[PDB]
């Protein structure tokens, strides 16, 4: 579909059998989700943006469905105020910026 930017680009995603609302963020290198439980081992990481840095847990090879499109990639889990779908996953669904 074509998503206009008059409003925040929010979409429904499915991860771990859970449905969540996430923001399609072209400015984000990776994907970051609010605290939740995921299977497998993880590695600590620090990511920063406006306001500073936060500590997150890095999970690799996670399956996520974005608007019906399946994708696989790294997902960071931590105290983020909003669920963010970054470039690592946006490329997998063929998302492009157009003007």
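Residue numbers count along the first chain shown, from 1.
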Revision key, fill the gap. Once average C-alpha B-factors are taken from the entry for 39-47 and 22-30, the winner is 39-47
Point to revise | Mean temperature factor over C-alpha atoms, higher-scoring stretch between 49-57 and 63-71 | key: 63-71
Exercise for review: For the C-alpha B-factor as written in the entry, point me to the maximum among 79, 9, 86, 17.
Suggested key: 17
Check your understanding: Mind checking which third residue 2 falls in for C-alpha B-factor across the chain?
Key -> highest
